[PDB]
Amino acid sequence: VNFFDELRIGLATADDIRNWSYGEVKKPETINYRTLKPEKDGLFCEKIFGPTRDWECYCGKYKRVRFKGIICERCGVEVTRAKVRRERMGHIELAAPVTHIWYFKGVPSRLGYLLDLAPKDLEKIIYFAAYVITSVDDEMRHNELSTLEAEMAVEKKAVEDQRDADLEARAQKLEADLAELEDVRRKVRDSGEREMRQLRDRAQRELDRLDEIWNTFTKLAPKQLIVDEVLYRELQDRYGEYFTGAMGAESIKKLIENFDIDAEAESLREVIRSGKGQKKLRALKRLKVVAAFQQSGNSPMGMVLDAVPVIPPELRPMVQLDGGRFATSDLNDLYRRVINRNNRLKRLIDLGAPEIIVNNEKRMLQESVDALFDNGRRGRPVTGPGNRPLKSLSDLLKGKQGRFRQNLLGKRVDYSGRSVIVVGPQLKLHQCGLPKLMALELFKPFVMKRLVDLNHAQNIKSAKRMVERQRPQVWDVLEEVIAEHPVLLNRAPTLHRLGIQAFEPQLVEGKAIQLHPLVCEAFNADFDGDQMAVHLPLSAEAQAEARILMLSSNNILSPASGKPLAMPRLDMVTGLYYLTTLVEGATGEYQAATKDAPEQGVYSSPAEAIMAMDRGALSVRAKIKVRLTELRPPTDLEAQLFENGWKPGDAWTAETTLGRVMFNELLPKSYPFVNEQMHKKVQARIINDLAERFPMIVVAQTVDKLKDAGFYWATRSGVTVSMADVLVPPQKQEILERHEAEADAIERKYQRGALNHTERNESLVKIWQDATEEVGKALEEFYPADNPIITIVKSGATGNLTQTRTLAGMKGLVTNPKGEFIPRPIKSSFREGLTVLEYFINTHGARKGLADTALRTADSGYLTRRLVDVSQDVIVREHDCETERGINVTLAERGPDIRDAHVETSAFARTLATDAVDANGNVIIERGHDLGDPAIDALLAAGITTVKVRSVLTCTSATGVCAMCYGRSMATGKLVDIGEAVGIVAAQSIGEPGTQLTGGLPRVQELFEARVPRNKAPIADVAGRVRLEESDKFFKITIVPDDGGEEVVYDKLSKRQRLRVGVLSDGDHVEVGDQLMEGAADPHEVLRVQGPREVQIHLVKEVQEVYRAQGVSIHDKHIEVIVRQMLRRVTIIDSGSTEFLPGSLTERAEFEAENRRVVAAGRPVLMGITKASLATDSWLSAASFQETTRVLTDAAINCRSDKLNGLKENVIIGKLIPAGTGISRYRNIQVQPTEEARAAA
Amino acid sequence: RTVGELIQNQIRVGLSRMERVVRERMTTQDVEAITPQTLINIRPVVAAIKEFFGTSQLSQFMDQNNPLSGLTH
Amino acid sequence: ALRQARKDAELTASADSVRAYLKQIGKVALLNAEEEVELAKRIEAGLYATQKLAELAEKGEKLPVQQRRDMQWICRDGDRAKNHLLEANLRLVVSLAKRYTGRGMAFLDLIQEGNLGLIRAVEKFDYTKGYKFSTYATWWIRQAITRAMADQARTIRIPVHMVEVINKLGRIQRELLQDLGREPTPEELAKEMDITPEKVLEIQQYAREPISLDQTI
Ligand SMILES: [Mg+2]
Ligand SMILES: [Zn+2]
Ligand SMILES: [Zn+2]
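Residue numbers (the working numbering), protein chains in the order written: chain X, 541 to 1781; chain Y, 103 to 175; chain E, 12 to 228.
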């Protein structure tokens, strides 16, 4: 009931369908028009499907719960709960059995591949356009063939004699006519001769017919088509013991009954052995579908339906719509057609109707059942009102809106709300704010529980009234009920894992959800009318997991990189930047006067300085000399002053600003001192360092204090924008008009026509771009550091130099709807105001931008869907698979003897494969090291320009991956967990920045889809010396090899595509790994040329470079999880020789096990993610992705068992997700209270 | 194509729908003793108009958030 | 690729149910006055031979072989006759079926629903009168087709005696829509039917053919 294991699929045999069914459907009636109860043995009927309303018989005899299991003898319905109406299926007994369309209209047709027919011929057989002869007795027909050939010869002799006689008679008639009449006679001779010719034609056609009848009688075998059926009509009565034949699917049932499967198998083996080529190719598709039935238990008898099952009444419901109208399901029409046609056919068999009528009825029935299973599958579909096709049963399991894609994946839930979000800057990072009415509605039971557990409500009903009236006595309780009771905040579209976060709901007045200002970077939620859903976890497990996993305070660092996302942003950045920025020439500045006066600006405590700053005497930003105690000093300062002991109580003098001290006061007691302005990069670095060094709670409080102080100081920042605050740079016009002088000459040469449109365009665009950059430089130079625009920009708070360039001086060059730059630039700043022309030109880029970004979200969503569906399986299953294999990261830029920039994304936060040996063998780092900044630095200080790290690309795990081989997680800040769903984390994290991905998304799309590039740049199959044959229009590239032999030739090499930059020149030597032209190498080419690992490096490098380009940073392992999911299968040319088809994609471990042969031949293949989720081991997920019927048909006949190791399938069925907290090591944990704690109590 | 033409098209389609019914009507009815005022179908035009303002995308609910909304609509 | 797929589209869309059976009814040539009478005589002779053979089968007197084979041959002759007659009379059935096109039930079934009535007509035909089997069977084809269309055309059951009112209501509403020009009123409908105006409201709610769930709106 509660438990589950591997699910298996098959074909529903008539006996199994009968064994399912509770009664037979034998009426076309739906419901009574007056009373609206369903009629006996029709659709919806209460006898077979159980009762309509809860505890009710049809007539009305028993309505008590007392009587359970009893079946009324009056009507014959069983008195139970009404739910069974969704769980009870019917059946329809067909007088003649019809075939299933799935194994017919599927490409290829399976029924036809079992009984070796052409699908058109099979079609003709099953759709009563041809008789098929089921079994011919060769011995019995052979034995008495002589006598039958004798009587045949007599039957010929007779008609020969008659022919001769009539010819003779007509000749005699002709001669008599001529003799009687004797020009006019010769005509009658001609007519007589013509009539004799007609007799001859009749006779020869009859003899031909007889001869053809004997030919077709003699040449008789099973699986043979009859075209005309006059042959079968003449063959029907005579020879009544040797052969038998029927039209339709009963014939196919008799055929499948008269069939031994091992014979077809062993024949297929010698056919694929001997008949190599087209016949082996046609045998190859037959191999699987035939060989299925041997290895599987289910028989091929279940392809033909003696009985048809009936979907439960409530999945095809008939309920009356508001206003007296009846709302029914299309299924009812189709089932009604089928049962009507069946019940007619039965009467046709009862009466004894002619075979043509009966067989036409059977054809129409076949068409009806075929349509019911799948409508619009064969020919024209059935249409009811206004020529629109009715949704068949397979239509309720296919398409974008049938099942899976929408119905099984997403649905609306209880104990859940949605409001408008607002910033609540008072709140701690774990806290959120809820609209008190919305909250009161959202915890409506949980409040009632406490209101009846206390003596506030006398009775549960009265509590349910009091909560409805919203009385003053509930509000004091709602705090008691909401006390440390988490809620899950989610924003659609959920682009990454931090797109959902759990919070403690504080009760606030108003109608707004008070979100925390730090989780907006994560949620990607601007307060410009965006709305967020709240959910209430009910189960102790859900409540716990909400508190433990997805609590904001825990999830500070990005799954992508491990950079802190919950950090000061936009406002807090400018606030803390103003707070910490040390500016000279300020009030109460520490001078240190020379012999004349005291030093003036020294302070005994931060308190004294706060007292001095509260007076209009000292400014918060000045070089001042505080004496600090509670703040841990800088490393050098501790190393100098104290050395032995720390400084909790120990005093020391700094040279900082009161703001920096007030900031350091927020950060943890024991953390060393900053004494540096809080630029967003420096904030990120410090909060990252703190996240790496300290516990999560500490960081989660320090960032809250950073928020509080940040906002508190964002006010007294003095950052406002005004027409007077924004300043146009003085060099803008000087530069602009100096570029206008040359632009005039360019446009003059363009107008003259001495320079081409493209050359003039290029020159002008270049010039005015240079001018734009100049104006940018002027904007950069002119503005003071205290200027608010520089503060909002150059602190890293928001925007960029480009935006302040567009706002101060000139907007610059702006593109057409194509993308080509208009030669006329926007010379006027947005301060200056645009001209109708300039603005109208500006509209293009803005609208194009708005459109492309409006698509980008959907495109990136679509990408993320595929990138999730492909890596459904990659979960951390075990601790360690116990391998020594690992990928090799350089970690250093050719010395120095020069550190690598992308260590942080590559080899940071990774477990090692080997011990870090150097030149001597002074082994610095051992196996199983996290590779933190100390370790990474230590490896650099050691003097090695490479290290071998242990990755997913080299993991010898049976299912998914093993923890230790993944490396340390980014979310936790520790060794990755033995439950972690690193695949779907990787999928989310790689899937999220597609919205921020502005060479672009096509390249990552085509790279991840592993499709042929936009520019097919060749790579070197062999190393050698390059030679340039500068051919006409195109190039020709030849590499003269080292080993000796032939030089690699390609015909047409695109000149515009450009050769690879050591640069390519006539008489250089190039490597095997090196790509020849500048662009994109064809992944298949690179795989087949070099091998999997170099492609595994290449794909990750390529996927990273475009993120590095756009500024976003993800950790290589997240790409490597997908690239692993690409390079983990083999394509077979021809091998196996037992249930292995030539040209079949096969999983590695399963292939190897049978390949090694303890008692095949595979090459490495690179598959597209869609072609991976298509060629996945699972079936109900493969069905969920695309082409449900195609894959489900194959699954059914194959009897293919899915293990539910993949998450995606285990989502669809409402079962415990095996990933994360759903492994047997987690879901089964016995927690006893300790022996010492028991007796103590 | 504006309100006038967008109506004119539905008047045209309705009148084309009427032309067939007329072509039948004058075929079935007696010669001379018919009276076109007597035998004329009103349905296919009034239907063609009623169905233009009934459910068709180009016949929208006026945006009455304000005057300007209406004026722009 | 276009012409080949055009030929493939020509070849694939082949049968279409109607053209598949029109072929079948096209084959067996129709009878004339003499052959109908001959086959009726043969049928009733066959039935007489079966109802005769019942006696000698159940009661006793195991008759000699020749007469038994003759009587069996007359039964087979009757079978051949009824089968050949039923295979002959079909274009009548399709010609009457072509009247009731798009009337709730599918055009295809109505032919078979006609064929049942045809078989009952074949059962209860009298050759002694010598009526023309078309002009005779027209009754049974119509009564069978309309008796089916009374029940199986609608999703909800409504008896022929309580749907004939809805059909005639439809017809006379079409007549009153044709003549007067505008839609007539339930009161005037009840004045035309000579009923209580609260019944024509009750019969329209039945005449509401039910609407689907999966519809794009
Ligand atoms: Mg927004
Ligand atoms: Zn009962
Ligand atoms: Zn491993």
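All residues carry an ideal CB built from backbone N, CA and C; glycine is no exception.
Could you run through the stretch 191–204 of chain E and flag, in chain order, every residue whose CB is less than 7 Å away from some CB of chain Y? The stretch 191–204 of chain E vs chain Y, Cβ under 7 Å: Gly192.
Does at least one heavy atom of ligand 3 sit under 7 Å from the Cβ of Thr1451/X? Because no heavy atom of ligand 3 lies under 7 Å away, the Cβ of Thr1451/X does not count as near it: no.
Given that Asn94/E touches chain X, what residues does it touch there, using C-beta distances under 8 Å? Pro894
Measure the beta-carbon distance from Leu980/X to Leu1018/X and round it to whole angstroms, keeping in mind my assumption that it falls under 8 Å. 6 Å
On the DSSP letters alone, give me the boundaries of the beta strand (DSSP E) that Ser956/X sits inside. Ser956 to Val963 is the span of the beta strand (DSSP E), which, as asked, contains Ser956/X.
Rounded to whole angstroms, how far is the Cβ of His1658/X from the Cβ of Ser1529/X, which I believe are closer than 8 Å? 5 Å
Measuring straight from C-alpha to C-alpha, what distance separates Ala1240/X and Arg1037/X? 18 Å
Looking at chain E, is there any beta carbon in it that lies within less than 8 Å of the beta carbon of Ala669/X? yes
Determine whether the beta carbon atoms of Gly1185/X and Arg1396/X lie at a separation below 8 Å. no
Could you check whether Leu212/E and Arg153/E sit closer than 8 Å to each other, using their CB atoms as the reference points? no
Pick from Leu948/X, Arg881/X and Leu871/X that is closest to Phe913/X, judged by C-alpha positions: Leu871/X
In terms of residues, what are the limits of the beta strand (DSSP E) holding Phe783/X? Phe783 to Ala786
Taking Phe783/X and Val672/X to be in contact with their CB atoms under 8 Å, please state how far apart those CB atoms are, rounded to whole angstroms. With a Cβ gap of about 11 Å, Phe783/X and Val672/X do not count as contacting.
Please confirm if the stretch 1505–1520 of chain X is in contact with the stretch 1445–1455 of chain X, defined as three or more CB-CB distances below 8 Å between the two stretches. yes
Taking DSSP as the reference, what is the three-state secondary structure of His1609/X? strand
Around ligand 1, what residues have a beta-carbon under 6 Å from a heavy atom of it, in chain order? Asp1066/X, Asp1068/X and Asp1070/X
Please go through the same chain and pick out, in chain order, the residues whose beta-carbon is closer than 7 Å to the beta-carbon of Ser1159/X, but skip the five residues on each side of it. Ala1126, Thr1127 and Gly1128
Evaluate the contact criterion for the stretch 1194–1207 of chain X versus the stretch 1088–1103 of chain X: three or more CB pairs, one atom per stretch, below 8 Å. no
Taking 7 Å as the cut-off, is the CB of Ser1509/X close to at least one heavy atom of ligand 3? Checking every heavy atom of ligand 3 against the Cβ of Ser1509/X, none is found closer than 7 Å.
With DSSP as the reference, identify every bridge partner of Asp1066/X, one or two as the case may be. In the DSSP secondary-structure assignment, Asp1066/X is not bridged to any residue.
Reduced DSSP category for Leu765/X - H, G, I as helix; E, B as strand; rest coil: Reduced to three states, the DSSP call for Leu765/X is strand.
What does the alpha-carbon distance come out to for the pair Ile1476/X and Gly1483/X? 11 Å
Going by other Cβ atoms of all chains shown within 10 Å of its Cβ, with 16 needed for buried, is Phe607/X buried or exposed? exposed
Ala1311/X and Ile1275/X closer than 8 Å at C-beta: yes
Do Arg865/X and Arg219/E have their beta-carbon atoms positioned less than 8 Å apart in this structure? By the CB criterion at 8 Å, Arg219/E and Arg865/X fall inside the cutoff.
Specify which residues have a beta carbon nearer than 7 Å to any heavy atom of ligand 3, listing them in chain order. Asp1420/X, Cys1421/X, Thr1423/X, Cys1495/X, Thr1496/X, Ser1497/X, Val1501/X, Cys1502/X, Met1504/X and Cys1505/X
For ligand 2, any of its heavy atoms closer than 7 Å to the Cβ of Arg614/X? yes
C-beta contact flag for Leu1706/X and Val1635/X at 8 Å: yes
Exposed or buried, residue 1782/X, counting other C-beta atoms within 10 Å across all chains shown (16 or more means buried)? In the structure as shown, chain X begins at 541 and stops at 1781. Residue 1782/X is therefore absent and cannot be evaluated.
Partners in chain E for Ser791/X, counting only beta-carbon separations shorter than 8 Å: None at all; the shortest Cβ gap to chain E is about 18 Å.
I'd like to know whether the C-beta atoms of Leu1604/X and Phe1574/X end up nearer to each other than 8 Å. Taking 8 Å as the Cβ cut-off, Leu1604/X and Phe1574/X do not qualify as a contacting pair.
Which residues in the same chain have their Cβ closer than 6 Å to the Cβ of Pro1077/X, if we skip the five residues on either side of it in sequence? Same-chain partners within the cutoff: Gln1083 and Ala1086.
Please find out if some non-hydrogen atom of ligand 2 comes closer than 7 Å to the beta-carbon of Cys585/X. no
Report yes or no: is there a C-beta of chain X within less than 8 Å of the C-beta of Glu47/E? no
Tell me which residue opens and which closes the alpha helix (DSSP H) that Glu1321/X is part of. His1297 to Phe1322
Could you give the distance in angstroms between the alpha-carbon of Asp120/E and the alpha-carbon of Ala68/E? In a straight line, the C-alpha of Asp120/E is about 39 Å away from that of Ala68/E.
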